[PDB]
Structure formats: C-alpha cells, structure tokens
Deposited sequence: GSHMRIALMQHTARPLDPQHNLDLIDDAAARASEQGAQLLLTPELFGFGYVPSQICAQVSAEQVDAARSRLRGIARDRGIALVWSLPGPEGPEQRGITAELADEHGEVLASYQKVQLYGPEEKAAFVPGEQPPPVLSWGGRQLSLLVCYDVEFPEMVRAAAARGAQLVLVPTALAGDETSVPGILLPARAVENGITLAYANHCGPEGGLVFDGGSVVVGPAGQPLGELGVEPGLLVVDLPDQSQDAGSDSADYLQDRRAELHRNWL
C-alpha cells in the first residue's frame, strides 16, 4: 500500500530558484498520482558543481533552500527526500540527505560518508555517522547518498539497523552502467531490501548525467526504471537469511 516517486531531471548550476521550482512541480505531480513520497537527486538545489558550491554558495543560501524544500513537502502534502550542502560554513560542511514527512517535519538527516573523487573531497567534509533508519508509512526507511551505495558496507550498515527501503539521491555521470546494472541489484539481494536511486540526467555543470533512475526490489529486479530523459518514476511497492547468518564479529576484524 506504498507508492513512491523519483524525480529525474537536469539542474542549473547555482540557480536554486529554478531547481527548487522543478522539485515543486515534481512534488505536485507525484502527489496528484497518489505517491506518498518523492525522492530527488544529489545536490539538486544548487546543481552538481562541488567546487562552485564551495566557492560561491553561502550557508545563508543553503538554509533558504532548505526552508523552501520543507515548505514544498508541507504545501504539496508529500514526504520529500532532498540533498543539499550541510548547514555549516563552506569550509566545514558535507553533502547531506534529509527526509521530511508530508507535514514538513524533518524525520532524518544524513551526511554522505563516501565522497567521490578529488573535487568532492576538496569541497566537502565526509560524514562520520551511520545511515539513519526510521519508521514511515509502515516500513523502516533509510538514507544514503550516491557513491555510498556502491560500498556493500554502507547498505549493510542500514540493513543492520532495520532498514527495509533505502532511498538514495545520486549524481551518476560518465555512462557508469555497472552501478545500477550490477551493484544495485546485489545490494538489494544481499540484504533483502528495496532501494530507490534518483539521478540527474543530461548535461549539467560540464558533465552528462546518466539518468537511469530505478527502484530495485529484494529479488534484485527493477520495479520501475527511467532512461536518459527527464521523468517522474512512480512505483507501487508490494506488501537466505544473510542478515542473521553473517559472522559480523569476525567480519568487523577483517575489513
């Protein structure tokens, strides 16, 4: 009895008015289709431009974007997952993901642990906390961001805390078909969970993003998927015990 939506679109670098207008439109359309939650892509509000976020995006501008996003969840009556720079100064913040419910209450916040490449590592501070897991809509939801999901340890950390549905804002460019095609199905199977992966698409900030937004069920099967063009993917989620069998006390000594 759960219907989720994923927004796949192109953001304009450094134009949160435009980018949040796009999220607002997607939230309205998702709600009209009966979706109870909308997942949006990594850093969408400011575009995926790490060095320019560090150089030009102030904490006050981030907070104004966050306030508008909270208002979108409330005013469109839909839970919303967004991803922004963190709230600290440009030199002390990371990349984050947050979930607000349909009343605008922020239920969970998370800072990306696995930063991708030298530009992200120059612009952002990595997170130090495990993914949050919380009850919403009858299930345990969790958050990860982009590159995080490519590490089995990060998805296992969520599943170990009870996660059943892992929601992943992303920004995957360069025709990296192995991430949705190979890694995501395994993350689902090896934990027995569902994952939702919402990407940018098309040229943005000097890159051409892959699209390919997808929801993968616990058998590793796509429940729905997009191609390379902007779209709003709406998916109805249906109603080996690796998590129990794993010898975690040995594994943690062997990493």
Missing CA coverage against the deposited sequence, listed in sequence order. 1-2, 242-250
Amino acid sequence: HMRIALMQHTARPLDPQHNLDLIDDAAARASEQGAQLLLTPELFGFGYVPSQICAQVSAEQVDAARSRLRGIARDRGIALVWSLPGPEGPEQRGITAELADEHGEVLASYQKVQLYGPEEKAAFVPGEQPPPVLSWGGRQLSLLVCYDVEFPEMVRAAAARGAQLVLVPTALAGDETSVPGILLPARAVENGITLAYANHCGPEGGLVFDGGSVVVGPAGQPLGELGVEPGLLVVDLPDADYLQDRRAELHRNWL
From here on, numbers count along this sequence of modelled residues.
Average Cα temperature factor in the PDB entry - higher stretch of 221-229, 22-30: 221-229
Higher-scoring stretch by recorded Cα B factor average, 147-155 or 67-75: 67-75
Based on what the PDB entry reports, which of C201, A188, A55, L38 has the top C-alpha B-factor? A55
Which third of the chain does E60 land in by C-alpha B-factor: lowest, middle or highest? highest
Using the B-factors in the PDB entry, rank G89's C-alpha atom against the chain and give the third, lowest, middle or highest. highest
Ordered by C-alpha B-factor within the chain, which third holds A248? Give me lowest, middle or highest, please. middle
Could you look up the Cα B-factor of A97 in the entry and say which third of the chain it sits in: lowest, middle or highest? middle
State the tercile, meaning the lowest, middle or highest third, of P169 with respect to the CA B-factors recorded for its chain. lowest
